[PDB]
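Shown next, in structure tokens, is the structure this report addresses.
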Amino acid sequence: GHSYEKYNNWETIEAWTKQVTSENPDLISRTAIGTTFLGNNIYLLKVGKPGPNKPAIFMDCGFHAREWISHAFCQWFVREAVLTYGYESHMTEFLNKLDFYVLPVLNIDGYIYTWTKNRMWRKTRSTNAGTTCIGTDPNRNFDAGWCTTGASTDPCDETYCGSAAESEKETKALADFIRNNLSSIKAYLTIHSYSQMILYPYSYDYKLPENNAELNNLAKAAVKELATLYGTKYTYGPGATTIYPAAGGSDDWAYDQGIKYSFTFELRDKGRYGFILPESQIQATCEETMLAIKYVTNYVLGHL
Ligand SMILES: NS(=O)(=O)N[C@@H](Cc1ccccc1)C(=O)O
Ligand SMILES: [Zn+2]
Ligand SMILES: [Zn+2]
């Protein structure tokens, strides 16, 4: 049984992607953009009312297997889209004028493993040459200063960069989709936890994007909007100096493809529960995060 206020296993999220699409055919379609290491379908939802030459926003969740609140958020976003369409003026305008590509779980194999064997697993579940250690960090596997600072060359490490950029089937699938839809995708949003941040480029080096002032102002305003609901305090800024330097991240890669609005969200909390955020916080976390996502979306729409 699926619930938006609980953490759902992969079988349940998979079934949900089919059911939410069949229940909302005028607003949602579903495709698979590839398969994981273990052969699971990587589902992607296109959320929006059909129309001509619509720009798009791309949002993924579940890069990191243990960050269960991320997976919950992508589901919550779709929940909001279908529930409030027609009733809330902004969400309705967004869905009428833009498409949201929502990838509810990227690292499906890792997610399954957090349910079955090890709640604190992070990486994919692929093999590595010359060792029995498993997995690559998907957020060190993109072609963005690949395998330099904040990424490990050791396959037994939690930030292992992989054998090559896009070595993982999952990251290759996501990068292929973005490259194939680059002319329409205007913003890239990638949802993680924890530590309460809105990050933008760059993480792979201490450098700033050409539109730094714009991104800084946008992130600042999104954080302020998020705080209006429950007073939850987020920090923001370029990744390298706001959290830590880390190469091979998808947000930086997406930005370097020309997607000018590229953000990594780190959701609740600040470490009390960390990755094992209780189910009792799903609602509040998702609702406040919606305000930041809607703020960013509204900005993108008005600055086409
Ligand atoms: N969610 S997290 O704890 O893993 N934090 C992220 C931070 C991060 C964000 C953007 C680019 C590189 C790194 C990570 O991939 O390390
Ligand atoms: Zn993460
Ligand atoms: Zn709501």
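Note that chain A is numbered according to Swiss-Prot, with residues 113-416 shown in order.
We read in the header that X-ray crystallography, 1.7 Å was used to get this structure.
The backbone N, Cα and C atoms fix where each Cβ goes, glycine too.
Residues within less than 8 Å, Cβ to Cβ, of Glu378 (active site, proton donor/acceptor) and separated from it by at least 6 positions along the same chain comprise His304, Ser305, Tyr306, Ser307, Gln308, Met309, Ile310, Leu311, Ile355. Summarising the annotation, Swiss-Prot assigns active site, proton donor/acceptor to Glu378.
The Zn(2+) binding site feature in Swiss-Prot is assigned to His176, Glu179, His304.
As annotated by Swiss-Prot, substrate binding site applies to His176, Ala177, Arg178, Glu179, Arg234, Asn251, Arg252, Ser305, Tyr306, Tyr356. A coil conformation is recorded for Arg178 (substrate binding site) in the three-state DSSP classification, outside any helix or strand.
As annotated by Swiss-Prot, disulfide bond applies to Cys173-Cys186 (among others), with the evidence given as experimental evidence. Remark: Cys186 (disulfide bond) has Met171, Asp172, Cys173, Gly174, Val214, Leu215, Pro216, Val217, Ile303 as non-local neighbours, by Cβ distance under 8 Å and separation of at least 6 in sequence.
The disulfide bond annotation in Swiss-Prot covers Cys245-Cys268 (among others). In three-state terms derived from DSSP, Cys268 (disulfide bond) belongs to neither a helical nor a strand segment and is classed as coil.
Annotated disulfide bond per Swiss-Prot: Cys259-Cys273 (among others), in sequence order, evidence recorded as experimental evidence. Sequence-distant neighbours of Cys259 (disulfide bond) (same chain, 6+ apart, CB under 8 A from its CB) are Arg252, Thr265, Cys273, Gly274, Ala277, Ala359, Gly360. Mapped onto three states, the DSSP output places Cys259 (disulfide bond) in coil.
The domain 'Peptidase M14' annotation in Swiss-Prot covers 118-412 and is backed by sequence analysis.
Counting only residues at least six positions away in the same chain, the Cβ atoms of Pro267, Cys268 sit under 8 Å from the Cβ of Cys245 (disulfide bond). Listed binding-site residues: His176, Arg178, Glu179, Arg252, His304, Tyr306. Those with a CB atom under 6 Å from ligand 2: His176, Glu179, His304.
When the alpha carbons of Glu179 (Zn(2+) binding site) and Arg234 (substrate binding site) are compared, the span between them is 8 angstrom. Close to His176 (Zn(2+) binding site) in the fold, though at least 6 residues off in sequence, lie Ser182, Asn219, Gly222, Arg234, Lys235, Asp249, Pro250, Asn251, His304, each with a CB less than 8 Å from its CB. The recorded positions near ligand 1, defined by a Cβ under 6 Å from one of its atoms, do not include any of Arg234, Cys245, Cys259.
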